[PDB]
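Residue numbers (the deposited numbering), protein chains in the order written: chain H, 3 to 528; chain A, 386 to 481; chain P, 242 to 337. The beta carbon of each residue, even a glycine, is placed where N, CA and C say it ideally should be.
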Amino acid sequence: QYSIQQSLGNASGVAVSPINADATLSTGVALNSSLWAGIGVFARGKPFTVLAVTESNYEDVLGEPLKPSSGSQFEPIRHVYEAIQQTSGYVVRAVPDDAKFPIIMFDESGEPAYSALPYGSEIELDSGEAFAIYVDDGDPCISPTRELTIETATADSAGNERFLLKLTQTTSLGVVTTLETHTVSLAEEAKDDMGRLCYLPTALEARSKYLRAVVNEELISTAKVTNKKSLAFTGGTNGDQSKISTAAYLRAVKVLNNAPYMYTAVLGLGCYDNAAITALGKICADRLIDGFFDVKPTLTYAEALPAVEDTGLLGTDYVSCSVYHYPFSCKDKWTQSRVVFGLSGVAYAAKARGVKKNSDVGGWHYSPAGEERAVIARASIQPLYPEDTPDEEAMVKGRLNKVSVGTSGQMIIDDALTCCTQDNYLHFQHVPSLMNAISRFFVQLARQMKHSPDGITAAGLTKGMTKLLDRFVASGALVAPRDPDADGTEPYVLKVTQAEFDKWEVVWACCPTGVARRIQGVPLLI
Amino acid sequence: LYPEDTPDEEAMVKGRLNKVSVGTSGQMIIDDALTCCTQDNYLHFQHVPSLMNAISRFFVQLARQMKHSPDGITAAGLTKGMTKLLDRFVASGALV
Amino acid sequence: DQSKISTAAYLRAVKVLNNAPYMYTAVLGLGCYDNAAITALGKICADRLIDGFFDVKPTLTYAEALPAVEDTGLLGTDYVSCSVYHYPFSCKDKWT
């Protein structure tokens with residue numbers, strides 16, 4: 003046929019305007035997905051990077067669980083295991099300065115040499131070294147050891163010689179498995195069988211998870227690789243992970259702050275550094291993200307209260323943050339021995355269970371402390387301080403959540419409170435979750451409506467906000483106000499004020515539902 | 386070609402990419418259809434632009450014939466033709 | 242050598258295809274991975290109100306697929322009917 007023009011001119015031809023649709027605009031936000039983020043010390047992982055762990059592949063990413071014999075190192079992995087039973091998450095690994103990774107350098111002839119370098123430092127190539135290969139994963143080549151083999155290959159039209167690199171893993175007993183196989187060429191312009199580019203640094207950065215390579219530009223032209231079998235990486239050791247400086251924790255927190263991925267909750271994976279907890283609370287307040295924190299279980303009942311005040315969270319600046327204390331002990335599943343845990347992740351599990359009760363709205367109504375939401379399933383619990391009882395009123399004043407014995411003999415979280423000094427309905431965790439969800443949805447929807455003529459954007463904002471509020475009311479989030487004489491029966495009241503010519507204000511008022519914490523009954527005779 | 390690796394569904398939806406999956410009978414299948422539209426204004430779907438383009442093409446072809454006509458007659462012609470086309474589409478189930 | 246084709250030849254072929262008396266309903270990218278050619282094909286699709294299908298290079302991995310779509314000049318509201326797909330798997334040729 004022929005082209006169809008648009009916005010016809012002054013005569014003759016006809017035109018069809020582009021399709022116009024604006025009342026159909028909508029914003030797609032899950033509002034039900036819950037994800038957790040945290041930092042910790044793990045046996046295997048890439049230092050100071052955000053790593054995504056799921057229910058299936060978390061063990062491979064984080065490596066083998068740490069032995070309980072070592073001090074203050076088994077907590078993060080087991081907290082991650084407890085918290086990951088519901089949803090996936092993001093972790094940041096912290097490493098001491100003493101740790102290092104191995105590097106294998108190749109000469110012009112092909113004679114290999116071995117060295118070890120710290121994680122932060124960048125490698126340097128001296129004269130006579132064609133290139134170097136190091137491990138990006140950071141797992142030390144102890145116990146299961148990684149070995150590299152080189153084989154020759156055929157050319158491709160242009161005569162660019164290529165070779166096969168094979169990385170294998172060998173256990174202590176002698177079991178050998180093939181991990182990776184790749185075809186790489188020293189020539190800058192090389193092609194694979196399927197047409198993929200064949201350059202060792204580019205190929206490793208594109209389709210490899212373990213190895214990276216750096217090639218000295220001086221010796222790229224004159225370099226030859228011969229047949230070498232079973233090249234083993236030299237000794238790479240991990241420093242004492244029991245002692246971690248505050249600077250490393252701060253750097254890990256800063257790295258976690260700048261993460262493109264979206265996470266719904268922030269968890270303290272066995273971190274007892276006050277500065278790190280304050281930074282995590284600042285991140286939670288900045289991102290309007292719920293946060294859970296744990297006081298050191300080693301402290302007694304009397305010493306628990308000053309510990310909360312020691313952390314810079316007791317104030318009105320951090321509202322969504324919550325704290326817990328758990329001084330009991332249990333038994334590890336992997337190793338049959340006594341262990342002490344921190345009550346972090348169980349609260350996240352309760353929150354996830356409460357969220358999953360609804361599909362579209364999100365189901366953020368339920369507090370993370372209930373008869374069925376929180377159960378704390380563990381092998382066996384032995385109290386560490388018998389013949390001693392806590393003070394409930396002191397804990398309420400200090401904003402601490404305690405534990406009790408359930409009807410079926412299972413330990414249970416009997417209260418949910420946040421780190422808010424005032425009693426202005428904010429110490430409860432039920433309301434900030436709803437408010438944060440509403441604010442996030444409003445920000446996401448308003449970001450799309452930027453730079454619009456007046457009137458159209460008013461209708462769009464009103465329609466979207468009314469739909470969201472109606473959905474929340476239908477889900478049961480909002481209840482009629484407790485004062486019907488002074489306040490209208492409408493659960494929510496929304497108003498839009500243009501005010502300034504370019505600025506524009508929106509106000510919404512909601513009545514959160516009630517939480518049954520104390521029940522009192524009296525008998526009367528008639 | 387890349388085992389032990391999984392894609393991110395949400396990232397693909399944000400980037401307007403159509404992925405593939407495994408069907409019930411063991412056959413690979415295209416599980417989504419999206420277009421290169423940044424906004425979510427019902428245009429990222431491929432179902433609507435096809436209908437709109439067909440309607441526009443038919444309207445252009447029919448209006449090309451009715452050029453240079455006295456008023457009234459051309460109004461009746463355009464109204465009758467467009468009503469017939471829209472009734473046909475409604476009967477076919479295009480519009481709800 | 243047909244392996245290496247300059248962008249000018251692709252642009253000339255696209256321009257020749259634009260001026261075709263015959264009518265076609267869809268535009269397909271037959272294994273063309275030149276960004277300029279894909280943008281020109283999308284422009285033709287938008288101009289003729291013709292549905293278009295395009296394919297990202299299968300050689301890229303899952304992570305690298307997303308930047309490739311943004312590299313092509315199709316992520317916008319100007320091209321609505323255009324669609325893109327990714328398929329990194331392999332098969333066997335019937336002839337060989």
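Item checked: Residue span of the beta strand (DSSP E) that contains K102/H, given as start and end -> By 1-based counting over the first sequence, the position of residue 102/H is 100. Element bounds for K102/H: 102-109.
Next item on the list: Could you name the residues of chain H that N403/A contacts, counting a contact when the two beta carbons are closer than 7 Å?
Entry: Along the second sequence, read from residue 1 onward, the residue named residue 403/A stands at position 18. What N403/A touches in chain H: nothing, since even the nearest Cβ is about 16 Å away.
Notebook entry, point to check: Considering only the beta carbon of each residue, do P370/H and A306/H sit closer than 8 Å?
Noted result: Position 368 of the first sequence, counting from 1, holds the residue named residue 370/H. Position 304 of the first sequence, counting from 1, holds the residue named residue 306/H. The answer is no: Cβ separation not under 8 Å.
Notebook entry, point to check: Bridge partners of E149/H, per DSSP?
Noted result: One-based indexing of the first sequence puts residue 149/H at position 147. Under DSSP, the beta-bridge partners assigned to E149/H are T170/H, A234/H.
Check: Cα separation between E153/H and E61/H?
Finding: Indexing the first sequence from 1 puts residue 153/H at position 151. Indexing the first sequence from 1 puts residue 61/H at position 59. Looking at the backbone, the Cα of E153/H and that of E61/H are separated by about 32 Å.
Checklist line | Proximity below 8 Å, CB of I125/H to CB of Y136/H | finding: On the first sequence, residue 125/H is found 123 positions in, with the first residue counted as 1. On the first sequence, residue 136/H is found 134 positions in, with the first residue counted as 1. If you check the CB distance, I125/H and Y136/H come in under 8 Å.
Check: Just how far apart, CA to CA, sit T491/H and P514/H?
Finding: Taking the first residue of the first sequence as position 1, residue 491/H is located at position 489. Taking the first residue of the first sequence as position 1, residue 514/H is located at position 512. The alpha-carbon atoms of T491/H and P514/H are separated by roughly 14 Å.
Notebook entry, point to check: For chain A, is any of its Cβ atoms less than 8 Å away from the one on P262/P?
Noted result: On the third sequence, residue 262/P is found 21 positions in, with the first residue counted as 1. With a threshold of 8 Å between beta carbons, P262/P makes no contact with chain A.
Check: From the beta carbon of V268/P, is the nearest beta carbon of chain A less than 8 Å away?
Finding: As a first step, residue 268/P is located in the third sequence; it is residue number 27 there, counting from the start. Interface flag for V268/P against chain A is unset, since no Cβ pair is found closer than 8 Å.
Checklist line | the segment 329-341 of chain H / the segment 443-463 of chain H touching (three or more Cβ pairs under 8 Å) | finding: Touching, no, given that fewer than three Cβ pairs across the two stretches are closer than 8 Å.
Check: From what residue to what residue does the beta strand (DSSP E) around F133/H run?
Finding: As a working note, residue 133/H is residue 131 in the first sequence. Membership of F133/H in the beta strand (DSSP E) is indicated by the continuous run 131-137.
Margin query: Is there a Cβ of chain A sitting closer than 8 Å to that of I6/H, yes or no?
Written below: Residue 6/H sits at position 4 when you count from the first residue of the first sequence. True, the Cβ-Cβ gap to chain A drops below 8 Å.
Notebook entry, point to check: If we count the other Cβ atoms within 10 Å of its Cβ and call it buried at 16 or more, is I521/H buried or exposed?
Noted result: For the purposes of this step, residue 521/H is identified with residue 519 of the first sequence, where counting begins at 1. Exposed, since its Cβ has fewer than 16 Cβ neighbours within 10 Å.
Margin query: Any contact between the segment 348-362 of chain H and the segment 87-105 of chain H? By contact I mean 3 or more CB pairs, one from each, below 8 Å.
Written below: At 8 Å Cβ cutoff, the stretches touch.
Note to self: I'd like to know if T337/P contacts chain H, where contact means its C-beta is closer than 8 Å to some C-beta of that chain.
What the structure shows: Position 96 of the third sequence holds residue 337/P. Interface criterion not met: the Cβ of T337/P is under 8 Å from no Cβ in chain H.
Notebook entry, point to check: With distances taken between CB atoms, is the gap from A118/H to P98/H smaller than 8 Å?
Noted result: For the purposes of this step, residue 118/H is identified with residue 116 of the first sequence, where counting begins at 1. For the purposes of this step, residue 98/H is identified with residue 96 of the first sequence, where counting begins at 1. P98/H is positioned such that its CB atom lies no closer than 8 Å to that of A118/H.
Next item on the list: Return helix, strand or coil for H81/H, following the three-state DSSP convention.
Entry: Against the first sequence, residue 81/H aligns to sequence position 79. Residue state, collapsed to three classes: helix.
Checklist line | Cβ-based burial, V363/H [other Cβ within 10 Å; buried from 16] | finding: Counted from its first residue, the first sequence places residue 363/H at position 361. Around the CB of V363/H, 16 or more other CB atoms lie within 10 Å, so the residue is classed as buried.
Item checked: For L402/H and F235/H, the rounded distance between their alpha carbons -> Counting from 1 along the first sequence, the entry for residue 235/H is found at position 233. Counting from 1 along the first sequence, the entry for residue 402/H is found at position 400. Cα to Cα, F235/H sits roughly 50 Å from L402/H.
Check: Can the beta-carbon of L496/H be found closer than 8 Å to that of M451/H?
Finding: Along the first sequence, read from residue 1 onward, the residue named residue 496/H stands at position 494. Along the first sequence, read from residue 1 onward, the residue named residue 451/H stands at position 449. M451/H sits away from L496/H, with the two beta carbons spaced by 8 Å or more.
Notebook entry, point to check: In the segment 375-414 of chain H, which residue ranges form an unbroken beta strand (DSSP E) of at least 3 residues, counting only runs that do not cross its ends?
Noted result: Counting only runs of at least 3 residues, the segment 375-414 of chain H fully encloses the following beta strand (DSSP E) elements, listed from N- to C-terminal order: 405-407.
Notebook entry, point to check: Hey, is the segment 297-314 of chain H in contact with the segment 390-409 of chain H, meaning 3+ C-beta pairs nearer than 8 Å?
Noted result: Taking 8 Å as the limit for Cβ pairs, the verdict is that the segment 390-409 of chain H does touch the segment 297-314 of chain H.
Item checked: Under 7 Å (Cβ pairs) to chain H, residues found in the segment 277-304 of chain P -> Hits within the stretch, in order: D288, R289, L290, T300, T302.
Check: Counting pairs of Cβ atoms below 8 Å between the segment 64-71 of chain H and the segment 41-51 of chain H, do you hit three or more?
Finding: By the criterion of at least three beta-carbon pairs nearer than 8 Å, the segment 64-71 of chain H is in contact with the segment 41-51 of chain H.
Margin query: Run through chain P and tell me which residues come within less than 7 Å of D390/A, C-beta to C-beta.
Written below: Within the second sequence, residue 390/A is the residue found at index 5, counting from 1. Contacts between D390/A and chain P, judged by CB atoms closer than 7 Å, involve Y303 in chain order.
Check: Along the segment 155-170 of chain H, what residues have a CB closer than 7 Å to any CB found in chain A?
Finding: Contact residues of the segment 155-170 of chain H toward chain A are absent (C-beta to C-beta distance below 7 Å).
Item checked: Reduced DSSP category for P98/H - H, G, I as helix; E, B as strand; rest coil -> Taking the first residue of the first sequence as position 1, residue 98/H is located at position 96. In this structure, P98/H counts as coil in the three-state DSSP scheme.
Notebook entry, point to check: Which residues share a DSSP beta bridge with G457/H?
Noted result: Reading the first sequence from its first residue, position 455 is the one you call residue 457/H. Within the DSSP secondary-structure output, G457/H pairs in no beta bridge.
Check: Looking at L428/H and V517/H, is the spacing between their C-beta atoms short of 8 Å?
Finding: Here residue 517/H is taken as the residue at index 515 of the first sequence, counted from 1. Here residue 428/H is taken as the residue at index 426 of the first sequence, counted from 1. Going by C-beta atoms, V517/H is not nearer than 8 Å to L428/H.
Notebook entry, point to check: What is the rounded straight-line gap between the Cα of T423/A and the Cα of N162/H?
Noted result: In the second sequence, residue 423/A corresponds to position 38, counting from 1. In the first sequence, residue 162/H corresponds to position 160, counting from 1. Roughly 43 Å between the two C-alpha positions.
Check: If the cut is a Cβ gap below 9 Å, which residues of chain A does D24/H touch?
Finding: Counting from 1 along the first sequence, the entry for residue 24/H is found at position 22. In chain order, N426 make up the part of chain A whose C-beta sits under 9 Å from the C-beta of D24/H.
Next item on the list: Note down, in chain order, every chain H residue with its Cβ under 7 Å from the Cβ of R473/A.
Entry: As a first step, residue 473/A is located in the second sequence; it is residue number 88 there, counting from the start. Near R473/A there are no residues of chain H at all, since even the closest Cβ is about 19 Å away, more than 7 Å.
Item checked: Residues that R484/H contacts on chain P, provided the C-beta gap is smaller than 7 Å -> Locating residue 484/H in the first sequence gives position 482, where the first residue counts as 1. Against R484/H, chain P offers no close residue; the least beta-carbon distance is about 48 Å (beta-carbon pairs closer than 7 Å).
Checklist line | Option in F76/H, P486/H, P20/H with minimal Cα separation from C273/H | finding: The sequence position of residue 273/H within the first sequence is 271, counting from 1. Ranking the options by Cα distance to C273/H, first place goes to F76/H.
Next item on the list: Report back the beta-carbon spacing between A132/H and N218/H to the nearest angstrom; my notes put them in contact at under 8 Å.
Entry: Mapped onto the first sequence, residue 132/H falls at position 130. Mapped onto the first sequence, residue 218/H falls at position 216. Between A132/H and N218/H a beta carbon distance of about 7 Å is seen, short of the 8 Å cut, so the two are scored as contacting.
Margin query: Once DSSP output is grouped into helix, strand and coil, what is the label at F343/H?
Written below: Against the first sequence, residue 343/H aligns to sequence position 341. Taken through DSSP and simplified to helix, strand or coil, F343/H comes out as coil.
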